[PDB]
Amino acid sequence: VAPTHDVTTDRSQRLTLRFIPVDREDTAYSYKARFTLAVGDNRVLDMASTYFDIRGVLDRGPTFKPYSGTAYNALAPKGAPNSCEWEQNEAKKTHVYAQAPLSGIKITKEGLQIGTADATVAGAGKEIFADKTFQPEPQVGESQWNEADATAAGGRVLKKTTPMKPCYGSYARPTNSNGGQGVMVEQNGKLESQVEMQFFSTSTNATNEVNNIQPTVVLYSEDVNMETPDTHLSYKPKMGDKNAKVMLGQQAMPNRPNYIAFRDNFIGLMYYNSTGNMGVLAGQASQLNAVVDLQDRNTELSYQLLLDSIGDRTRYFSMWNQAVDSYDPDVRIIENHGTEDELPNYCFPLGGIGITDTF
Amino acid sequence: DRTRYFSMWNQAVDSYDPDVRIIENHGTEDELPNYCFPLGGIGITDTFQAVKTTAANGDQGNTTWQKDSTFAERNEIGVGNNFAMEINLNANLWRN
Amino acid sequence: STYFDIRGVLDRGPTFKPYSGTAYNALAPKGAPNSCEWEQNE
Amino acid sequence: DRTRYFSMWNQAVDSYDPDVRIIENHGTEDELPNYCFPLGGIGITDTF
Amino acid sequence: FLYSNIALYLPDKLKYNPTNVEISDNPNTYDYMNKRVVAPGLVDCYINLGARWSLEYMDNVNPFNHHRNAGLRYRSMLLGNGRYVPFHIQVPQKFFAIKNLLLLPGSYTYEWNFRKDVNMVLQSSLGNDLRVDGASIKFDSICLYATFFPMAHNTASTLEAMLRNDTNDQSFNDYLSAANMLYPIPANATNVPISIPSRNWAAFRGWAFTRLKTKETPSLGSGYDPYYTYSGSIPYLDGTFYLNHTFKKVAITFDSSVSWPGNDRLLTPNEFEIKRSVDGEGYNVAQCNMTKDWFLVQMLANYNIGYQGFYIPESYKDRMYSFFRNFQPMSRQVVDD
Amino acid sequence: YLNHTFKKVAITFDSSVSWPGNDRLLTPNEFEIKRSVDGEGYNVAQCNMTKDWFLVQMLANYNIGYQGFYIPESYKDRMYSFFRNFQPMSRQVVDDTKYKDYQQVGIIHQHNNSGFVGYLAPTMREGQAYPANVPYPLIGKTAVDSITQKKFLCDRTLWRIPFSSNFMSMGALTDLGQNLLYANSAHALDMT
Amino acid sequence: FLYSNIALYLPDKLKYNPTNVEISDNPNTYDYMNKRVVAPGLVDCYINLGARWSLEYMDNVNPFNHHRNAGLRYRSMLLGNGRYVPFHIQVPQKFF
Amino acid sequence: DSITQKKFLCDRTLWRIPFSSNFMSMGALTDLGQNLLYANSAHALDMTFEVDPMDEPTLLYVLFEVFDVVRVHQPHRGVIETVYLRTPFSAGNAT
Amino acid sequence: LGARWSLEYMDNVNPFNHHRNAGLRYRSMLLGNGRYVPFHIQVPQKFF
Ligand SMILES: [Ca+2]
């Protein structure tokens, strides 16, 4: 049975009191505050329950990267170049290195046909062409490995204006609504997007002869504002820009990670044991200070040792931002046990048999 | 206690691995194919020369000039997907 | 101390797959077909 | 305690993996490449 | 795993500049630390095979600034993952005199300060000049909270009346309870003497010492320190020491005539001796480089073990910052030349 | 697993009083588990739980709160408790009204890691390689204006509201369960 | 790991029907929960980088019915891996 | 033909030397601290540390373990008075 | 597959001599990784 009387009162009084500051002083480095505590008549306040409260805005800087590795074509090989075009002096010609994955129906002047309208009166036999902004996209492709090697192939390639970067870690923000990258040039306004089309046919097969050299590959070219936000080159062939054939082979690697964050257990956020700026707790009748502080009494380390001594430390409390810092046991002391690789480990080819033969 | 090690009288108990005396087999999550690609990015590749349209009076798509004035005549291009070998990953680690 | 004792027969059914992944030709590529022959027109 | 398992009464608490409900995505360590070679060691060849 | 987690934190003297890429010339920036290249062959798969050894180069690199720091990782994830973050912290009170003081009715004035330096209030797993990089912090507002037990008025008044007599005072003592000194050790020096002029030594308790890097010890007292460019872990404040293994020996003397241990209570009576070089009187223990006297002294001073045969102390008497918890001996064999 | 979907709770006896009684909380009329945007700063633990609920829970589970907050001992805190199962979470996302180039993109037109991955199914790889366009950057020299979201997550426990004067657990038969101003009459109860 | 252990348990309203396969119409049968298809782009590697943040959709989904429920898999492997099983259990008394 | 090397690592700790007769811990106030010879006179102290070389400036950090206490008293309403004391080294001022 | 079981053939094979025996691994790595070693041991007393 619990006690029944002379424990808890009945007159209305608060459980939690909040005091606004009375004086604030700012400086280049310091920042000082002063409040007026008021322990009312017939109460008892335990200072161990008080705690400050702060809030504001933080800018961790341009060297924040909490994730290891990158997140832009992580799976791509570390040296595969993007579908690109570049100039070369033989008095200057354009060379292309790209890839067309998509299979269409037939190629005409307008562009690679994709589908057809409904087989209906007044709508039967209406061809549909690719939209220049976003339609031939780098996602779709041939479904199964028994590809038929279509004759109407389309794709994309970045004009020679944009500099070349390795595919590993290369991002470029969308512009249109349908996720199609492309610079909106200012031409009578930002209304129009500049996307060109280029055609290609078989050399050898259509060299000696003509046959109206029908085209078989259509490349829609564009120009995007690409940037590498968290990767850097690890082998640059020549010091100069203006991409050439050699610059096709540059390779990148990710940036080392940082973890900028508030210090453990809020160390340094308050001045302690410094005669320059000393805290003040006193009676308002006469300002006889009650906090005399030397310059040798180290408070932070003492509080750390106490917090270890009276409790457990391997748990995390969010409220005080309390989480001890420790290293991995294996990083400091390596244990080289080799590995376990008795069996081989092979990568077979997709179909199941590689080279074959006719019979 | 006996788990902890004292490095003076070589006091360190000898215990097996609880996952080797009893093999709790469960298979291995391999819902996704783990492919392996070429080093350049494209494997097979052909050869192509640029062409350009004509004035296109009517049904003149057959008429088609060569744009060799600007483009080189041996540009490389790939068709379809890229070369790709495949290896199941978790199965090999578990089997080893 | 007392506790009931029970025994009998249980049938979990046809939708009971304890292991993840598969257990037949596990290492094979996801598309490779068996040696097979088929019929076709001219 | 409840973590330990007693078989007789089929006493085994049920719990979820800590890393499935709350994902701590730190990326992955991939500084070095990782190459697959040819069985013989030399792939293509010539004649001399 | 090996290459990343070891070879990217080697000392700066073992790397070399890259080629055909711009590199900043400031040795304390993220750019310079990121751009340098390191040869994998130093720490390849075949190093110290079969041995429980630690790289000699990486035995003095502060290991608490490392992207495996569980505490740092947790705090950084807790704050956010973006770059422009509002924050709503709560700060406790740490001074020992008024940490647990039980105040009494009245009206008091309470005033304190706060820092705005970016280095001292932030920690970065890498360690780099955070003034140059461009981090910023802007406090907006501040308030104070307190909680009262809603105790009955008769009982509270009685307690107040009793706690004002001149004999029911209150007392407190700082848990560490020590006076600190710092002495400089110039580069490559090995001998450090310290002299204390005559005074009284009543109610002494003992000594406790360690070593520190000058680059990570902010100047005491001074409000600002423009010659302080580092933002890793500070051992002097949060207590993460990583250099206790570099001491060799300690000697004490009173009145320049008498050594303090005096009577032959140690194997080497005139001086303590932590570790020995290759020396064959047969003294070291624990299959390591530490002598017997130091081991006995440490075991006595930490757990009252040593006059009844050594053994593992109980868990409850062996906290995180203790001695036996993190004492690792190691050895290996190398090729004679 | 659904504890985290409560907003507010209100008690009322005889359709005239409020059970917390005389002014005793930051919000005297009713408890308040969590809340949306609040400029007064009533949140704690960097999550979005008000101080009142945190204090009430701590008092009801461990008699902690009138002499400062600290981690409770292991034996006093079991598996089906409140502190062991408390998880604060927060992240940052891209603001729209303050970023100029925001463009909502469906899942249909998202090409990241293209040319080495399936297409809306776990099928074989397809597609060319091309710079990516899905994950907006939040770091580096070219981040974007961002807002912050915070939430808390707790499971395997029941919220508790004890029937006592000062919320502490002073015994099985609570004192407020004996007073004849609350135990010598008849009353009807409303809750919302 | 991400794709399997998260994307396979997303809420049903985010999965579309497959093509050229017979799928039951009872939304509780194992067949319906098995033959559905979920696009891997939802929970790919580039999701909430650096943030210790649970997903949004998969928040009110029961997390105890899941194939990593250590207690559940222990109670499952205790009886055996077969299909037809003779069982020999004991049951205690629970009333107070 | 091989040669052997030994070492030890010990971080997250401070080296301790107690000012006791037998080195044990028999209380907060060691018996030597009460010894008349060290209590009714004055003496000078000399210490010599020998460490291993390093190639950057460093610091030796010494902690003299002493008694540090504060007594707080408050007779009348709205008044706080305190008395600090550190025994072996200093205590406020005098005269 | 899918069963928690221990192979019949290996129930009667001493499972404490095995290259995952933490005690053996620790002691061997403590003594050195070479082939010729000098050792400096201390043996306790064990009679009752
Ligand atoms: Ca050709």
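Nothing in this text is a laboratory measurement; each read-out follows from the coordinates by a stated rule. A quick note on method: Cβ atoms are made from the backbone with ideal geometry, for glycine too, and the neighbour counts reach across all protein chains shown.
Numbers at a glance
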{"quantity": "Length-normalised contact order of region F:69-151 in % [C-alpha pairs under 8 Å, at least 6 apart]", "calculated": "36 percent"}
{"quantity": "Convex hull (Cα only) mean projected area of chain A, reported in nm² to one decimal", "calculated": "45.2 nm²"}
{"quantity": "Debye-sum result for region G:1-66 in log10 I(q)/I(0), which assumes one identical scatterer on each alpha carbon, at q = 0.11, 0.16 Å⁻¹", "calculated": "-0.31, -0.62"}
{"quantity": "Cα pair distances in region E:182-337, grouped into 10 Å bins until the bin that holds the longest one, percent each", "calculated": "7, 27, 34, 23, 7, 1"}
{"quantity": "Reciprocal mean inverse distance between Cα atoms of the protein assembly as shown - Kirkwood radius, Å", "calculated": "37.2 Å"}
{"quantity": "Table column - 3J(HN,Hα) (Hz), region E:233-246, Karplus curve with 6.51, -1.76, 1.60, x for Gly and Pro", "calculated": "7, 9, x, 5, 10, 8, x, 10, 9, 9, 9, 6, 8, 9"}
{"quantity": "Farthest toward positive dipole pole in the protein assembly as shown [+1 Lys/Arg, -1 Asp/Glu at C-beta], among F:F116, A:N89, A:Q135", "calculated": "F:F116"}
{"quantity": "0 to 90° range, to nearest 10: angle between helix G:70-79 axis and chain G longest Cα axis", "calculated": "50 degrees"}
{"quantity": "Helix axis angle, F:51-62 relative to chain F longest principal axis, alpha carbon, degrees", "calculated": "60 degrees"}
{"quantity": "Pairs beyond 20 Å (Cα-Cα), from A:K65/F:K141; A:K32/E:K94; A:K106/B:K52; A:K132/B:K52; A:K106/A:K126; E:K248/E:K317", "calculated": "E:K248/E:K317"}
{"quantity": "Length-normalised contact order of chain E in % [C-alpha pairs under 8 Å, at least 6 apart]", "calculated": "15 percent"}
{"quantity": "Expected 222 nm ellipticity per residue - DSSP helices of 4 or more, -39500 (n - 2.57), all of chain A, to 500", "calculated": "-1000 deg cm²/dmol"}
{"quantity": "Nitroxide proxy distance, nm - points 7 Å out along Cα→Cβ at A:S12 and F:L158", "calculated": "3.3 nm"}
{"quantity": "Largest-first ellipsoid semi-axes for region F:25-101, taking √(5λ) over the Cα gyration tensor eigenvalues, angstrom", "calculated": "31, 17, 10"}
{"quantity": "Inter-chain shielding of G:33-40 (mean C-beta neighbours from other protein chains, 10 Å cut-off)", "calculated": "3"}
{"quantity": "Region E:233-337 - charge dipole about Cα centre, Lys and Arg +1 at Cβ, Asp and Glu -1, debye rounded to 20", "calculated": "300 debye"}
{"quantity": "Average partner coverage of C:9-20, which counts Cβ from other chains inside 10 Å", "calculated": "6"}
{"quantity": "Convex hull per residue volume in Å³, alpha carbons only, for chain B", "calculated": "265 Å³"}
{"quantity": "Backbone HN-Hα couplings from phi across region C:4-15 [Karplus 6.51/-1.76/1.60, Hz, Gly and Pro as x]", "calculated": "6, 10, 9, 8, x, 10, 10, 10, 5, x, x, 10"}
{"quantity": "Normalised convex hull volume, region F:96-192, alpha-carbon set, Å³ per residue", "calculated": "303 Å³"}
{"quantity": "Alpha-carbon spread of chain E, three principal axes, descending order, Å", "calculated": "86, 66, 42"}
{"quantity": "Reach of F:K8 by Cα under 28 Å, taken over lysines that are not fewer than 8 positions away in the same chain", "calculated": "F:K34, F:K51, F:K150, F:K151"}
{"quantity": "Listed peptides A:325-336, D:4-15 by packing density, highest first (mean Cβ within 10 Å)", "calculated": "A:325-336, D:4-15"}
{"quantity": "Equivalent ellipsoid semi-axes, region F:1-131, via Cα gyration tensor eigenvalues times 5, rooted, Å", "calculated": "46, 22, 15"}
{"quantity": "Charge dipole magnitude, Cβ of K and R +1, D and E -1 - region H:1-64, Cα centre, debye nearest 20", "calculated": "340 debye"}
{"quantity": "J(HN,Hα) series, region H:58-67, from Karplus relation 6.51 cos²θ - 1.76 cosθ + 1.60, nearest Hz, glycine and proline x", "calculated": "9, 9, 9, 10, 10, 10, 8, 7, 9, 9"}
{"quantity": "Average Cα contact separation per residue, chain G, under 8 Å, 6 or more apart, as relative contact order %", "calculated": "27 percent"}
{"quantity": "Choice from E:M33, E:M120, E:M320 showing the highest fluctuation, given a GNM over chain E with Cα pairs closer than 10 Å", "calculated": "E:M320"}
{"quantity": "Listed residue (C:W38, C:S1, C:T15) projecting farthest to the positive dipole end of chain C, Cβ model", "calculated": "C:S1"}
{"quantity": "Number of partner chain Cβ atoms within 10 Å, mean per residue of B:1-9", "calculated": "6"}
{"quantity": "Cα Rg, Dmax (largest Cα-Cα span) when computed across region A:209-359, Å", "calculated": "33.1, 110"}
{"quantity": "Charged-residue dipole, Cβ positions (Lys, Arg, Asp, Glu), chain B about Cα centre, Debye nearest 20", "calculated": "280 debye"}
{"quantity": "Cβ-based exposure ranking for A:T207, B:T28, in which fewest neighbours within 10 Å come first", "calculated": "A:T207, B:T28"}
{"quantity": "Of G:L72, G:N48, G:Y30, farthest towards positive along the dipole that unit charges on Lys, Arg, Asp, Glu beta carbons give region G:24-96", "calculated": "G:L72"}
{"quantity": "Packing-based order for F:100-106, D:18-24, using average beta carbon neighbours within 10 Å, highest first", "calculated": "D:18-24, F:100-106"}
{"quantity": "Stokes-Einstein D in µm²/s, Kirkwood radius over Cα pairs - region A:97-225 at 25 °C with 0.890 mPa s viscosity", "calculated": "146 µm²/s"}
{"quantity": "Chain B: most fluctuating residue of B:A50, B:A72, B:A12 per GNM, C-alpha cutoff 10 Å", "calculated": "B:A12"}
{"quantity": "For peptides E:268-281, E:102-115, sequence by mean Cβ density within 10 Å, most packed first", "calculated": "E:102-115, E:268-281"}
{"quantity": "Value of [θ]222 nm, deg cm²/dmol, for chain G, DSSP H segments ≥ 4, -39500 (n - 2.57) each, nearest 500", "calculated": "-4500 deg cm²/dmol"}
{"quantity": "Set of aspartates and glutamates with alpha-carbon distance to F:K98 below 17 Å, sequence-local pairs under 8 removed", "calculated": "F:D145"}
{"quantity": "Coil-residue GluC sites (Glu not before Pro) of region F:25-81, DSSP, other Cβ within 10 Å capped at 11", "calculated": "F:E40, F:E73"}
{"quantity": "Residue-averaged 222 nm ellipticity for chain B, from DSSP H runs of 4+ at -39500 (n - 2.57), nearest 500", "calculated": "-2000 deg cm²/dmol"}
